[PDB]
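K.L.:
Quick one: experimental structure and sequence below.
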Amino acid sequence: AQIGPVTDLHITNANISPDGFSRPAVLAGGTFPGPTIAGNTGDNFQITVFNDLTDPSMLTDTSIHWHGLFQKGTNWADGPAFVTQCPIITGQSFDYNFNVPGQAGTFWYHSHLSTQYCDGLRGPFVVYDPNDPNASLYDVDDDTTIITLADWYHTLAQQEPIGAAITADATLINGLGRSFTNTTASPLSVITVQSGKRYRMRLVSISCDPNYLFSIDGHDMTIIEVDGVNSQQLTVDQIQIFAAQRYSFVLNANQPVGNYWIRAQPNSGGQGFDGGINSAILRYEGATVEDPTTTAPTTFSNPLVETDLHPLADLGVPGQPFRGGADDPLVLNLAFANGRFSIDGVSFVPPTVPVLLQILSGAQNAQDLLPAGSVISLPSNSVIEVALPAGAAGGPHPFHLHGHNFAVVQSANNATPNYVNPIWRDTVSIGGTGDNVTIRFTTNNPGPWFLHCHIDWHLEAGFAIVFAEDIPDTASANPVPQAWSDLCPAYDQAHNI
Ligand SMILES: *[C@@H]1O[C@H](CO)[C@@H](O[C@@H]2O[C@H](CO)[C@@H](O)[C@H](O)[C@H]2NC(C)=O)[C@H](O)[C@H]1NC(C)=O
Ligand SMILES: *[C@@H]1O[C@H](CO)[C@@H](O[C@@H]2O[C@H](CO)[C@@H](O)[C@H](O)[C@H]2NC(C)=O)[C@H](O)[C@H]1NC(C)=O
Ligand SMILES: [Cl-]
Ligand SMILES: [Cu+2]
Ligand SMILES: [Cu+2]
Ligand SMILES: [Cu+2]
Ligand SMILES: [Cu+2]
């Protein structure tokens, strides 16, 4: 069952074997992925997170981010450690109490301390719309239509050796999959459909790193939502989904009753499907319980291309229809060298005092804020443009902005901007060498909002900045509860800081 919008959520250590290999993990709700947290648009979520972690090899502190939720007036509940809070220490709990006005769609939640979400603290977060404009396009939309794509590692995240390449050991679809090496015939996930019905499949990348080429043999997929933003219908036969992105698509169960492979090919790790790696099963009711015998095409006919997506609503693009046509036009210099990423020459290292607390304590320009050179102020009620030119090693990098979604004025692999009707989303691939992926948004949400690559290994290696949006109004806009005020003293005492 789904939990929420008011729920406890316990964070524990446990052994799991999602690909047949046992390792310890950091889990929400006792499972990988964690339980779906759900409610309706506009609801008050009160998620009391109980940190019960005891194994230091995966960190005993935690903090949880609710990915894609804007947190307007509740920046303190956003979750990124040392940006909006100190971590919750073991044996303590913290109530993330926030509202979701004006949002409805497919989201997720994850640890936002170090690389801890890779160790298992990841799960779906759905905000249903009772008056969804896409409601008539499908029959079924429930916990059984959520599809998570995850990378899974045999080596613990804190134990990945310095200087060696990090790749995953399995792709997990709905928590199950097979290992790329020493493959065993462990159970595959089954997604069940009834012939003739239409399903809102909510595809969630909970990846720490790889992008996936997602497809379903014999079927096509009609996209209706992108990162929480309703889209015009776009029929595709393959979706390249980057870390932290979401799509909803209509699946029409219009093929013969049978078994069909679900495929999720990562860009690193095991290539292909030998032994049933990178696979799950779409099973029609009344089909034999057996593996599919279908194949993929050699070449997909209608892959998703981001510039083909358009909002369902008339969202437009803020600002003026040319490069630099914004109140605050930025161009970030995104680089990598010698194991560290940097933005405008500064590698992100989390500060001792969370950025929000520094602001509440009276630091009132971004040059006063730590880490020095990592916090950029944005003015209020302004159109912001951020160009994110690619080229840094380890791409393609999926950049994500907290507190906001944004118009994708320029997408990967296409030099032409779109100032008319591009999709809006919250995580975007910046593409390849020579690209100039560019985003726009308006600043109507005071607080410090993280901007970073969502490949968690890259975030850990410094690929981030903080946008201190409307510093002057941050304190008045974001009243903080006593429990939040208690986090830093508790954390610093526990850690002898
Ligand atoms: C990406 O687009 C930005 C603008 O959004 C470009 O920025 C300009 O860069 C030149 C030097 O390269 C400066 O003279 C301008 O002041 C910048 N702003 C403008 C023209 O609006 C940037 O060069 C582009 N990058 C790539 C790699 O194409
Ligand atoms: C590259 O991106 C541009 C901009 O998003 C795409 O151009 C649009 O194409 C649609 C469909 O033909 C037209 O209706 C729009 O008028 C175009 N807009 C602009 C600003 O040119 C273009 O299709 C993309 N290229 C590819 C190969 O997909
Ligand atoms: Cl977010
Ligand atoms: Cu996220
Ligand atoms: Cu986020
Ligand atoms: Cu990256
Ligand atoms: Cu983040």
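P.N.:
All right, it came through fine. Residues are numbered from 1 along each chain as shown. Ligands and ions are numbered 1, 2, ... in the order given.

K.L.:
And what about the residue most central in space within the chain, helix, strand or coil?
P.N.:
Centroid-nearest residue in the chain, with Cα atoms, centre = their mean: residue 244, separated by 2.4 Å. Under DSSP: H, G, I helix; E, B strand; the rest coil, the three-state class of residue 244 is coil.

K.L.:
The one residue in the stretch 351-497 of the chain that gets nearest to ligand 3 and residue 102: what is the separation?
P.N.:
Going by Cβ to the ion, ligand 3 is nearest to residue 402 of the stretch 351-497 of the chain, at 4.1 Å. Every residue, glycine included, has its C-beta placed from N, CA and C. Counting by Cβ to Cβ, to the nearest Å, the separation of residue 402 from residue 102 is 16 Å.

K.L.:
Now do the contacts for the residue of the stretch 301-450 of the chain found nearest ligand 6.
P.N.:
Using Cβ to the ion, the closest approach of the stretch 301-450 of the chain to ligand 6 is made by residue 397 at 3.4 Å. Counting by Cβ atoms under 8 Å, 6 or more residues apart in numbering, residue 397 makes contact with 334, 390, 429-430, 453, 455, 458, 463.

K.L.:
Out of those residues, which are close to ligand 7?
P.N.:
Counting by Cβ under 5 Å from the ion, nothing from the contacts of residue 397 sits close to ligand 7.

K.L.:
The chain: helices as residue ranges?
P.N.:
Secondary structure of the chain (DSSP state H): helices located at 355-360, 456-460, 471-477, 482-485, 487-494.

K.L.:
buried residues in the longest one?
P.N.:
Pointing back at helix 487-494 there. Buried residues in helix 487-494, defined by neighbour count with 16 or more other Cβ atoms under 10 Å: 487-488, 490-491, 494.

K.L.:
try stretch 360-379
P.N.:
Those would be 360, 363, 366, 369-371, 373-378, for stretch 360-379 by 16+ other Cβ under 10 Å.

K.L.:
The residue nearest to the centre of the chain and ligand 1, how far apart?
P.N.:
23 Å (Cβ to the nearest ligand atom, to the nearest Å).

K.L.:
ok, that residue to residue 234 distance?
P.N.:
From residue 244 to residue 234 the distance is 20 Å (Cβ to Cβ).

K.L.:
before we move on, what about residue 386?
P.N.:
For residue 386, the distance to residue 234 - Cβ to Cβ - is 25 Å.

K.L.:
More neighbours: which of the two?
P.N.:
Neighbour count, other Cβ atoms under 10 Å: between residue 386 and residue 234, residue 386 has more, with 24 against 19.

K.L.:
For that one, list each beta-bridge partner.
P.N.:
Beta-bridge partners recorded for residue 386 (DSSP bridges): residue 330, residue 439.

K.L.:
is it true that it touches residue 324?
P.N.:
No: counting by Cβ atoms under 8 Å, residue 386 does not reach residue 324; the two are 11.5 Å apart.

K.L.:
Name the residue of the stretch 251-400 of the chain that lies nearest to ligand 1.
P.N.:
Relative to ligand 1, the nearest point of the stretch 251-400 of the chain is residue 324 (2.9 Å; Cβ to the nearest ligand atom).

K.L.:
I'd assumed residue 383 was in contact with that residue.
P.N.:
No: assessed by Cβ under 8 Å, residue 324 is found out of contact with residue 383, at 10.9 Å.

K.L.:
Who has more neighbours out of the two?
P.N.:
residue 383 (18 against 12).

K.L.:
and that one, what does it touch?
P.N.:
Residues near residue 383 by Cβ under 8 Å, 6+ apart: 318-319, 326-328, 440-442.

K.L.:
Mind doing that once more with 7 Å?
P.N.:
Neighbour list for residue 383: 318-319, 326-327, 440, 442 [criterion: Cβ atoms under 7 Å, 6 or more residues apart in numbering].

K.L.:
Of those residues, which belong to strands?
P.N.:
Among the contacts of residue 383, the members falling in strands (DSSP state E) are 440, 442.
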